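Peer 1: Pasting a structure here, questions to come.
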Amino acid sequence: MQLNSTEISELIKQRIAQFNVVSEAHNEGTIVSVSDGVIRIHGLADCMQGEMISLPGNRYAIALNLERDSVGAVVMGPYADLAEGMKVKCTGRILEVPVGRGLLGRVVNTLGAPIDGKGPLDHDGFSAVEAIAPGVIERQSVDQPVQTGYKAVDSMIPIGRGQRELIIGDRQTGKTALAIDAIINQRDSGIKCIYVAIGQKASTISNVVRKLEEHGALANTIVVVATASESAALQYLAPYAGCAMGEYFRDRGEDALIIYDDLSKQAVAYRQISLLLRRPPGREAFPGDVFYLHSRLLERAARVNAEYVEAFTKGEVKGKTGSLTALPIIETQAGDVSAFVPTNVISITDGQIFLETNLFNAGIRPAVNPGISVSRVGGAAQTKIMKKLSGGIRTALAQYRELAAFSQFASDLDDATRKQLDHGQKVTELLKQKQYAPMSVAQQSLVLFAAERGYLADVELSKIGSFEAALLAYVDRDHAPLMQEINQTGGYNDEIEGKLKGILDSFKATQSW
Amino acid sequence: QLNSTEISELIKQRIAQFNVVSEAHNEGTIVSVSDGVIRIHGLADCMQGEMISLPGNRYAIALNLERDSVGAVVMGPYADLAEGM
Amino acid sequence: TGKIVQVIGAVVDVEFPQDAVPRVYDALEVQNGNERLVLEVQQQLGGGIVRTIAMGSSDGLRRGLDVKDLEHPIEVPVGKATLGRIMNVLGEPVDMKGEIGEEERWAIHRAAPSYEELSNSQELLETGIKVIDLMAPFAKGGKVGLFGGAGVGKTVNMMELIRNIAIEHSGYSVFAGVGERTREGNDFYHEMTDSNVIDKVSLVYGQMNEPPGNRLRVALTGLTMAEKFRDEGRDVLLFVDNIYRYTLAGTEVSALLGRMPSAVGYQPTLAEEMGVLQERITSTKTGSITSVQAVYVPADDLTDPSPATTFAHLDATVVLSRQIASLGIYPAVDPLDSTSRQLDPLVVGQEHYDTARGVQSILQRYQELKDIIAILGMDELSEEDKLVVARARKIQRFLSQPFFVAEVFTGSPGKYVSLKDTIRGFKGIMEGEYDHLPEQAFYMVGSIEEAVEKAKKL
Amino acid sequence: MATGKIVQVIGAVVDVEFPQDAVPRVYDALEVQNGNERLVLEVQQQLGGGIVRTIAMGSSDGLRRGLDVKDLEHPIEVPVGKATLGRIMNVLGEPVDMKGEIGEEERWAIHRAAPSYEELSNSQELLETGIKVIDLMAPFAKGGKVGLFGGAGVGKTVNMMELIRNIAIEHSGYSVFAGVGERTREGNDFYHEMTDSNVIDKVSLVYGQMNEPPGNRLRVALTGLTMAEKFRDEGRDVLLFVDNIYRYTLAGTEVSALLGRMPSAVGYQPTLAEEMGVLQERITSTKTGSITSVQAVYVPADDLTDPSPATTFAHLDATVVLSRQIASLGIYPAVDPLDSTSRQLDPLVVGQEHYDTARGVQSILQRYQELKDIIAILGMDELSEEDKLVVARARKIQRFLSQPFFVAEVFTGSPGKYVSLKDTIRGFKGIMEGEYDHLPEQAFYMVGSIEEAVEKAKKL
Amino acid sequence: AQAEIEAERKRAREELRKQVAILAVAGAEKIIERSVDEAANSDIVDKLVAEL
Amino acid sequence: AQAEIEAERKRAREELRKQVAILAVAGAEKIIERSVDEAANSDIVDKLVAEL
Amino acid sequence: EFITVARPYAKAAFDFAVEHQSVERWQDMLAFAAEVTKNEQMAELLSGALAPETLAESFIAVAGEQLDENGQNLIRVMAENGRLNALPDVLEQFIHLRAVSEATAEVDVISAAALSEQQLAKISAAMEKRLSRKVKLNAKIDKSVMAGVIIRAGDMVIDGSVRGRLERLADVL
Ligand SMILES: Nc1ncnc2c1ncn2[C@@H]1O[C@H](COP(=O)(O)OP(=O)(O)OP(=O)(O)O)[C@@H](O)[C@H]1O
Ligand SMILES: Nc1ncnc2c1ncn2[C@@H]1O[C@H](COP(=O)(O)OP(=O)(O)O)[C@@H](O)[C@H]1O
Ligand SMILES: Nc1ncnc2c1ncn2[C@@H]1O[C@H](COP(=O)(O)OP(=O)(O)O)[C@@H](O)[C@H]1O
Ligand SMILES: [Mg+2]
Ligand SMILES: [Mg+2]
């Protein structure tokens with residue numbers, strides 16, 4: 001059907017019409033050197049720093065240095081076919097990226113070119129890749145919750161719209177899983193999502209996209225991809241492109257969520273670009289401004305008050321506050337949370353989720369290590385019910401987990417510590433959760449209810465999981481109105497507490513599990 | 001390839017007369033100021049460790065005696081200094 | 001009257017006529033398109049060239065632009081008119097209120113007060129924090145510094161000190177945000193405005209989004225206001241949000257200024273760039289400045305050149321450690337490294353001094369046993385080393401305290417513990433009069449009566 | 001017609017100056033008459049003024065300044081296809097055995113871009129190697145990378161020969177073996193050990209060993225990889241062996257130092273991760289075919305945090321660890337089941353039964369590992385009878401991981417066996433869940449499937 | 001659906017061969033504002049037709 | 001499966017558009033070079049120098 | 001390459017030549033010096049490590065075309081700094097500073113075929129308005145471009161060729 005050759009022809013026919021043949025003057029230079037992806041251009045007396053220089057073929061380079069007699073630029077693509085003497089044209093444009101809600105569902109190169117097969121973009125103009133985040137007076141305190149699918153992080157480590165929450169851990173610990181589950185969970189909650197893949201294997205990205213499409217989320221995400229074989233200047237500039245695409249929503253009074261797949265590999269690609277320019281390195285051979293690199297990036301994930309949205313959008317949007325929520329991922333060699341780049345980023349974000357390999361190998365997944373992981377915005381970001389039921393649960397587990405260190409050999413006070421152990425242990429057996437199985441705040445809330453009110457002190461550690469499955473089926477059959485209510489509101493009251501206690505006593509009494 | 005304080009008008013002076021007269025080996029002129037180190041042009045009779053006297057009542061210690069330059073460190077607040085003094 | 005000739009990152013080179021070359025630290029100006037960019041010159045290269053740092057985004061600058069030489073350094077509003085308002089590094093107002101009605105403007109580069117003018121004070125300052133004013137008491141008009149890695153508590157501790165010292169203090173206050181989060185600046189501004197203390201605090205903010213020049217000079221912009229309030233005869237509080245960023249911004253620019261790298265890639269002028277600032281934040285015979293500085297230590301390395309050179313400039317140094325925070329013991333102060341110039345028998349009396357040194361001796365003796373305990377287990381200790389260990393763990397617990405600014409985290413209400421009330425509790429724990437209580441009876445409590453009262457519930 | 005002239009020579013780095021408009025492009029090949037033989041140079045950089053800096057794919061002794069240099073218009077090109085099976089070649093694709101010319105008809109450039117995003121296979125198969133330990137504990141993804149961390153004296157090369165045999169007979173795939181910077185002595189006897197097992201006609205060999213100048217050791221892996229790409233384009237499933245990836249890193253470090261670039265993390269080149277990725281990203285399963293890779297990895301200073309191991313492990317899927325111990329006990333292949341791992345072991349990819357079977361045998365063996373610690377200090381009869389059963393099942397599981405290879409017949413006499421996956425899952429479910437408890441452990445040793453273990457117990 | 005689409009592709013292509021020759025002329029007459037005759041190109045348009 | 005079908009349709013439509021698109025410019029170039037002449041060339045240079 | 005180390009010397013030579021109203025003599029003197037630098041034997045001597053005041057004198061010996069005071073002094077300074085090889089670029093930047101001072105420019109006009117000499121008149125009249133400078137033209141012919149014209153004036157170009165129109169249409173699609 002939709003291979004309407006008539007439309008395919010009229011499409012090109014319009015272009016032949018809306019095309020201007022009039023001459024235009026431009027400024028020109030010559031490539032003088034080529035090495036390891038860096039270009040040295042002589043001429044361009046009118047180039048400006050940060051500019052896009054257009055090369056033969058459909059390719060660009062970014063002007064980094066304006067030396068006295070030459071321009072230094074990095075090629076954004078395969079550089080091998082350039083040669084001394086080729087002419088280059090100075091476009092009057094600072095580095096720019098297509099932006100718009102028409103990107104949703106597209107897989108895109110860091111320059112905005114679509115790398116899937118589905119043809120050109122529909123986009124609302126261009127945005128600058130390097131910008132300065134809103135000032136101190138434009139922000140607003142983060143208030144609204146962002147729900148992942150996971151009991152562990154939604155209870156212990158809440159994330160709010162406008163927050164920045166580092167996911168850090170060793171390799172093969174479930175970082176990408178814990179991130180794309182959060183992306184998938186926004187499938188219906190009105191938050192646009194963005195996934196930036198830096199230095200990832202291409203097969204991994206194709207599988208991630210296939211799973212995003214499997215669960216229906218792909219229609220709500222933008223995927224910006226710069227694979228391991230891509231130039232170091234595309235890996236280094238990718239997350240700025242992703243942030244430029246998210247600020248489009250932030251500034252129009254909407255919400256977005258952006259995920260940087262590795263900001264360790266961005267730091268490594270920047271270290272490459274920097275050492276190839278002979279810049280003196282510092283600690284661990286990273287440049288001096290490796291902090292500023294991540295700082296000026298992550299400082300854009302903000303929440304902005306309604307006056308900023310009004311003034312930016314020229315008065316078209318009233319009373320709404322936009323936000324952009326960031327989940328950068330960092331990889332830590334041998335569980336070292338104390339190396340130059342992991343600490344630089346722990347020093348920028350508003351918390352961190354630390355995934356521990358010892359817990360991950362012991363089958364505890366997601367392996368959220370409490371005590372090291374925190375949310376600097378705290379409970380202000382949770383729903384009223386979740387804030388109530390959770391309490392200080394995470395420090396309760398953080399205690400239980402060290403108590404398991406000394407109690408490993410022997411223990412005194414050996415009843416209260418005995419019941420403390422049993423409780424914490426059943427709760428840990430309760431927090432582990434299967435991948436791709438998100439659960440709404442109603443389910444998490446009634447499960448945390450069961451856990452807190454002592455309703456699980458009967459059943460064995462062996463039974464927990466089927467207990468939860470049966471409970472979530474029971475309340476799915478019976479109390480769907482109460483679920484429809486708690487999912488619609490913060491939903492805490494003595495009335496709802498009574499309804500929950502009644503559901504709990506009744507299930508334990510007559511239900512199968 | 002980078003310059004060594006070969007600059008337009010100093011070169012023009014030599015174009016006018018290369019073998020400049022021995023006008024005064026006793027004095028020179030500041031050509032650079034940065035981070036408390038000044039580069040002095042002239043001072044053919046400077047000695048290593050010698051005290052050099054600047055405008056105001058301030059001094060510098062000649063530490064680098066090079067081919068057409070003296071590197072000297074200011075013994076006090078330097079930001080007041082300026083090229084050509 | 002000058003031309004741009006190079007643009008490398010944040011540093012710009014400008015060429016002027018030979019007779020008009022600007023002086024060092026004079027401020028230039030460029031029309032960066034639909035913008036106005038201020039440059040501050042750092043070096044007079046030869047031949048009329050001058051090398052400058054841009055106080056703003058360097059992107060978009062062409063070569064050959066025309067720059068105008070303002071013949072005065074950067075100058076900021078100062079005095080009573082700047083009170084309760086947020087300002088740039090350039091002294092421009094950043095909140096959406098009108099112009100600053102300042103009467104007078106001061107250059108941000110100044111000489112330190114003479115040795116003749118300094119003053120010294122023994123007058124102790126009391127804070128609600130057990131560990132700080134036991135192990136490291138500090139005095140009115142002196143310097144304090146909080147050393148810590150990333151995310152160990154050196155901002156929460158500073159907000160608690162603000163709460164405990166700054167509301168109960170009559171004079172004015174100044175808060176300089178140097179290269180830290182803008183979220184926290186907005187949070188602090190609204191806390192102050194909603195508690196109606198904002199009319200006594202002056203705020204300068206040069207946060208982490210900004211380019212290197214702003215982070216480089218914002219600390220001097222804040223010191224200039226603190227110095228104006230000092231010279232008026234008042235006594236002032238000066239809080240600096242992270243002084244490490246002030247040297248990091250210098251490291252970022254150093255190599256572009258054409259200077260050879262030093263020990264760990266740091267600028268060669270690290271100790272001088274640091275001293276020239278910290279020598280003018282001092283109290284004097286005409287007025288006093290009390291200052292608290294957060295000091296980030298990179299990669300938790302307390303021997304990195306920057307913390308190592310900072311240590312010497314402070315009276316009381318409080319050292320926060322990650323290995324204590326991971327135990328959930330907040331504030332995570334390390335009592336075997338916190339120290340104070342004020343901890344003398346002559347200044348704090350014999351009882352306070354003696355209790356502090358007893359605590360240190362027990363905790364160090366406990367550190368010495370941690371390896372034998374690790375290898376051979378605890379049952380191999382002599383009958384009295386087990387007593388040392390139990391008391392050391394009780395003391396470790398008891399140094400924890402709940403804060404009014406941490407309710408958002410733990411829910412537990414804050415506690416304010418007076419000094420008289422804490423040296424008594426530690427004398428008790430050490431002398432043995434509380435062996436019966438469990439360890440967890442001491443965790444996160446105020447006075448010692450709360451511990452004996454908490455033991456009743458386990 | 002030659003146009004360039006050598007202008008500098010410093011070690012292996014040679015600079016040549018061309019007419020201002022004829023400058024070669026990067027990675028283009030050049031050649032010069034180094035006396036009585038020609039020498040090939042590969043461009044690495046373009047400096048200003050028509051000068052181009054190259055690296056010599058050979059010894060640069062005897063090079064004068066001013067020699068004429070001829071600008072070949074294309075990168076180093078090698079012969080590819082069926083014609084290269086059973087031959088030996090060096091970096092430049094020249095026959096290095098004595099058997100004369102290579103009768104190829106097509107030649108490919110060794111520098112290429114990785115498969116684009118829409119060429120990758122939209123599926124995830126498994127490569128059934130036919131070895132029990134590997135297919136149970138560390139399955140291979142078709143198109144994945146496999147580390148092989150064994151030391152010496154454990155049979156790494158006979159495992160390699162067994163994989164080469166199985167993927168040729170039981171599949172219709174060829175193999176390519178790229179020898180990057182290792183002992184020539186080992187290459188000569190790998191060639192013989194393969195020629196006298198009749199697999200030499202199923203593998204294409206390329207060698208750059210330790211005696212070779214740095215450029216050879218650098219580009220030989222790309223030569224091997226492009227021959228494997230030619231085989232992939234025919235629609236086959238191919239297997240690519242790299243003799244040591246660590247030496248492929250070190251050759252790049254040497255070349256980078258020669259070019260004078262600033263050093264990086266622990267002395268490595270600044271472009272370590274990109275040099276590694278541009279290789280490891282070309283071996284993937286495509287909609288037409290696939291290249292699987294088995295790569296021997298050496299970890300410096302036994303430090304898995306060193307930049308080179310750390311960068312390589314970002315690409316490996318599976319990981320098989322050979323152990324001197326498991327060989328001492330007489331079990332071959334000497335794979336260690338407790339340290340071997342594969343990120344294909346997930347219910348969502350390999351299935352639930354295979355997953356929990358592998359996890360079973362893992363837990364059984366890692367308990368036995370400490371029951372045998374008790375037995376050493378306190379003697380056997382100290383054990384509960386709940387444990388004397390675990391020991392007797394662990395011993396049988398441990399035996400059943402042995403297998404006879406078609407390549408090991410020259411040692412064992414017993415005929416080689418190819419065990420399908422289904423058979424291994426059956427056998428280990430059986431042994432674990434107490435079935436077959438009635439027959440002795442030596443009925444499992446070197447047997448093959450379990451249906452053969454019952455017979456070996458019959459005739460025992 | 002895949003076989004359906006592979007049939008649809010030929011159905012479309014064999015019509016777009018009629019449009020290639022129109023666009024090739026309109027594009028030139030946009031680039032070269034001395035509007036051009038068909039006659040002189042009637043054979044070139046035919047190889048453009050063919051090669052699609 | 002029903003969204004994979006649609007993705008296949010989009011991709012096929014795009015490849016067809018790409019082919020027609022490049023044949024259009026190839027044809028326009030051949031038409032141009034077979035139909036440019038001095039009378040039009042002088043008129044083009046006159047146009048651009050009238051706004052040079 | 002000596003583009004950068006030549007700027008001070010060209011600027012000094014030009015500022016001196018202006019004071020004495022000898023710009024043309026200086027240009028010819030520099031053009032001769034930059035030629036003696038290219039001779040096969042002299043380019044050998046310029047590379048070997050001779051003492052500056054010996055290399056300079058041997059170089060002076062090969063030129064009676066230099067006004068003994070001011071040209072030889074320039075040679076002696078450049079020799080003291082070790083920069084005699086920079087003369088071929090001192091010449092280019094001297095010509096550039098001259099063309100700037102006298103407000104002159106030189107335009108290349110590239111076309112598929114030679115122009116009608118009325119087109120050239122209008123082109124020069126137009127450019128002398130685009131630029132303040134009195135403009136020469138160098139017409140050049142290149143049959144890759146097939147209609148229209150390219151005007152290149154310094155680093156500015158006006159891509160009036162139909163070849164440009166085609167390549168710029170192809171990338172709209
Ligand atoms: N909740 C979970 N339950 C069970 N398995 C999980 C869970 N989360 C992740 N995994 C498993 O962990 C493995 C690795 O996860 P993932 O690839 O997301 O981690 P990663 O840190 O991104 O790894 P890499 O660093 O290699 O990208 C996956 O095979 C997945 O099956
Ligand atoms: N007194 C305290 N009580 C409880 N938690 C605390 C306390 N002080 C710090 N924390 C925890 O430490 C985290 C680190 O926050 P912060 O103090 O801002 O670190 P940084 O010093 O780097 O800013 C806080 O968000 C909180 O989780
Ligand atoms: N499958 C096997 N069957 C029998 N013997 C084996 C088997 N695998 C290894 N061996 C023995 O171990 C030796 C290992 O030698 P080799 O393959 O050269 O190891 P490496 O390459 O590590 O030096 C074989 O020669 C043989 O004696
Ligand atoms: Mg990952
Ligand atoms: Mg902080």
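Identifiers in this document derive from the order of the structure tokens: chains are assigned A, B, ..., residues are numbered from 1 separately in each chain, and ligands are numbered from 1 in order of occurrence.
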Would you list which chain B residues are within 9 Å of chain G using only C-alpha atoms, as a list in words?
Peer 2: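 The contacting residues on chain B are residues 1, 2, 3, 4, 6, 7, 8, 9, 10, 11, 12, 13, 14, 15, 16, 17, 18 and 19 of chain B.
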Peer 1: Check every residue of chain D for an atom within 7 Å of chain A, counting only C-alpha atoms, and provide those that qualify as a ChimeraX atom specification.
Peer 2: /D:21,23,25-26,45-48,117-118,120,261-262,264-265,270-271,274,277-278,281,305
Peer 1: For the residues in the current selection, export C-alpha atoms as an mmCIF file, in the first residue's frame.
Peer 2:
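Contents of selection.cif, freshly written:
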data_model
loop_
_atom_site.group_PDB
_atom_site.id
_atom_site.type_symbol
_atom_site.label_atom_id
_atom_site.label_comp_id
_atom_site.auth_asym_id
_atom_site.auth_seq_id
_atom_site.Cartn_x
_atom_site.Cartn_y
_atom_site.Cartn_z
ATOM 1 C CA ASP D 21 49.566 17.664 -5.361
ATOM 2 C CA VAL D 23 50.557 13.318 -1.705
ATOM 3 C CA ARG D 25 46.541 9.225 1.485
ATOM 4 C CA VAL D 26 46.860 7.614 4.897
ATOM 5 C CA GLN D 45 50.612 10.516 8.718
ATOM 6 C CA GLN D 46 50.713 13.485 6.391
ATOM 7 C CA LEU D 47 53.025 16.269 7.459
ATOM 8 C CA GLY D 48 52.989 19.578 5.669
ATOM 9 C CA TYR D 117 24.134 -0.978 12.000
ATOM 10 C CA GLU D 118 21.574 -2.507 9.623
ATOM 11 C CA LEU D 120 24.152 -7.041 11.780
ATOM 12 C CA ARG D 261 52.934 10.437 20.247
ATOM 13 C CA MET D 262 52.450 11.206 23.919
ATOM 14 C CA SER D 264 48.858 7.466 28.124
ATOM 15 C CA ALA D 265 47.547 5.351 31.050
ATOM 16 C CA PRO D 270 46.845 7.210 23.495
ATOM 17 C CA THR D 271 44.700 5.330 20.953
ATOM 18 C CA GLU D 274 40.290 2.575 19.347
ATOM 19 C CA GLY D 277 37.864 -1.667 18.808
ATOM 20 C CA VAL D 278 38.552 -1.207 15.114
ATOM 21 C CA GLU D 281 34.334 -4.694 15.772
ATOM 22 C CA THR D 305 43.088 -4.045 35.839
#
Peer 1: Within 8 Å of ligand 3, counting only C-alpha atoms and all ligand atoms, which protein or nucleic acid residues do you find, written as a VMD selection string?
Peer 2: chain D and resid 150 to 159 327 331 to 334 403 to 405 407 to 409 411 to 412
Peer 1: Please provide as JSON, numbers by chain all residues within 10 Å of residue C:112, with the sequence filter that same-chain residues fewer than 6 positions apart are discarded (counting only C-alpha atoms).
Peer 2: {"C": [275, 276, 277, 278, 279, 280, 281, 282]}
Peer 1: With N, CA and C atoms retained, write the just-selected residues as a compact mmCIF listing (two decimals), in the first residue's frame.
Peer 2:
# COMPACT_ATOMS: atom_id res chain seq x y z
N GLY C 275 48.31 30.84 48.15
CA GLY C 275 48.61 31.74 49.25
C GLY C 275 48.13 33.15 49.02
N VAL C 276 48.22 33.64 47.78
CA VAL C 276 47.84 35.02 47.53
C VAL C 276 46.36 35.25 47.81
N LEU C 277 45.55 34.20 47.77
CA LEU C 277 44.15 34.32 48.13
C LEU C 277 43.96 34.18 49.63
N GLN C 278 44.48 33.10 50.21
CA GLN C 278 44.19 32.78 51.59
C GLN C 278 44.91 33.68 52.58
N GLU C 279 45.80 34.55 52.11
CA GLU C 279 46.47 35.47 53.02
C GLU C 279 45.66 36.72 53.29
N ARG C 280 44.63 37.00 52.51
CA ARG C 280 43.80 38.17 52.73
C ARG C 280 42.48 37.83 53.39
N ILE C 281 42.17 36.55 53.54
CA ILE C 281 41.00 36.13 54.33
C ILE C 281 41.52 35.93 55.75
N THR C 282 41.59 37.02 56.50
CA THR C 282 42.02 36.98 57.88
C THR C 282 41.37 38.11 58.65
Peer 1: Excluding same-chain residues fewer than 2 positions from stretch 51-66 of chain B, what lies within 10 Å of it counting only C-alpha atoms, as a list in words?
Peer 2: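 Answer for this query is residues 27, 28, 29, 30, 36, 37, 38, 39, 40, 43, 44, 46, 47, 48, 49, 68, 69, 70, 71, 72, 73, 74, 75, 76, 77, 78, 80, 81 and 85 of chain B.
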Peer 1: Closest to chain C among B:25, B:41, B:32, B:20, using only C-alpha atoms?
Peer 2: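 The closest residue to chain C is B:32.
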Peer 1: All residues within 10 Å of ligand 5 are required, counting only C-alpha atoms and all ligand atoms; please report them as a CSV table (one decimal) with N, CA and C atoms, in the first residue's frame.
Peer 2:
chain,number,residue,atom,x,y,z
A,346,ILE,N,31.1,11.2,40.9
A,346,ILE,CA,30.4,11.2,42.1
A,346,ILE,C,30.3,12.5,42.7
A,347,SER,N,31.2,13.4,42.3
A,347,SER,CA,31.2,14.8,42.8
A,347,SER,C,30.3,15.7,42.1
A,348,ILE,N,29.6,15.3,41.0
A,348,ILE,CA,28.8,16.1,40.2
A,348,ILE,C,27.4,15.8,40.3
A,349,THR,N,27.0,14.5,40.4
A,349,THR,CA,25.7,14.0,40.3
A,349,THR,C,25.0,14.2,41.7
A,350,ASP,N,23.7,13.9,41.8
A,350,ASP,CA,22.9,14.0,43.0
A,350,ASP,C,22.7,12.7,43.7
C,148,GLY,N,37.7,16.4,52.5
C,148,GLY,CA,37.0,15.1,52.3
C,148,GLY,C,37.0,14.8,50.8
C,149,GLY,N,36.8,13.5,50.5
C,149,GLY,CA,36.6,13.0,49.2
C,149,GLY,C,35.3,13.5,48.6
C,150,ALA,N,34.9,12.8,47.5
C,150,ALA,CA,33.6,13.1,46.9
C,150,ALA,C,32.5,12.4,47.7
C,151,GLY,N,31.5,13.2,48.2
C,151,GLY,CA,30.3,12.7,48.8
C,151,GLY,C,30.5,12.1,50.1
C,152,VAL,N,31.2,12.8,51.0
C,152,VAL,CA,31.3,12.3,52.4
C,152,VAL,C,30.7,13.2,53.4
C,153,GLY,N,30.3,14.4,53.1
C,153,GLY,CA,29.6,15.2,54.1
C,153,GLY,C,30.1,16.6,54.2
C,154,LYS,N,31.0,17.1,53.4
C,154,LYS,CA,31.5,18.4,53.7
C,154,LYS,C,30.6,19.5,53.2
C,155,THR,N,29.5,19.3,52.6
C,155,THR,CA,28.5,20.3,52.4
C,155,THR,C,27.4,20.3,53.4
C,156,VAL,N,27.0,19.1,53.8
C,156,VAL,CA,26.0,19.0,54.9
C,156,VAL,C,26.6,19.6,56.2
C,157,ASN,N,27.9,19.3,56.5
C,157,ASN,CA,28.5,19.8,57.7
C,157,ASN,C,28.5,21.4,57.6
C,158,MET,N,28.8,21.9,56.4
C,158,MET,CA,28.8,23.3,56.3
C,158,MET,C,27.5,24.0,56.4
C,179,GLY,N,32.4,26.8,41.9
C,179,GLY,CA,32.5,25.6,41.2
C,179,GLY,C,31.8,24.4,41.8
C,180,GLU,N,30.6,24.6,42.4
C,180,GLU,CA,29.8,23.6,42.9
C,180,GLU,C,28.4,23.6,42.2
C,181,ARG,N,27.5,22.8,42.6
C,181,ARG,CA,26.2,22.6,41.9
C,181,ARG,C,25.3,23.8,42.0
C,184,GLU,N,22.3,23.2,44.4
C,184,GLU,CA,22.5,23.6,45.8
C,184,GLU,C,22.5,25.1,46.1
C,241,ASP,N,32.3,27.5,49.1
C,241,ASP,CA,31.6,26.3,48.9
C,241,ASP,C,32.6,25.2,48.5
C,242,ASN,N,33.6,25.5,47.6
C,242,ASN,CA,34.7,24.5,47.5
C,242,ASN,C,35.9,25.2,46.9
C,294,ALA,N,35.2,24.4,52.5
C,294,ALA,CA,35.2,23.0,52.1
C,294,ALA,C,36.3,22.8,51.1
C,295,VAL,N,37.1,21.7,51.3
C,295,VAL,CA,38.3,21.5,50.5
C,295,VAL,C,38.2,20.1,50.0
C,296,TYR,N,37.9,19.9,48.7
C,296,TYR,CA,37.8,18.6,48.1
C,296,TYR,C,39.2,18.1,47.9
Peer 1: Show me, as a PyMOL selection string, the residues that have an atom within 9 Å of residue F:20 when counting only C-alpha atoms, minus same-chain residues fewer than 3 positions from it.
Peer 2: (chain A and resi 8-9+12) or (chain E and resi 16-17+19-20+52) or (chain F and resi 15-17+23-24)
Peer 1: What is the Cα root-mean-square deviation, to one decimal place in Å, for chain E superposed on chain F with all Cα atoms matched in order?
Peer 2: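 Root-mean-square deviation of the C-alpha atoms: 11.3 Å.
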Peer 1: Around ligand 4, out to 9 Å and counting only C-alpha atoms and all ligand atoms, which residues are there? I want them as number ranges by chain.
Peer 2: A: 171-177, 200, 204, 261-262, 329, 331
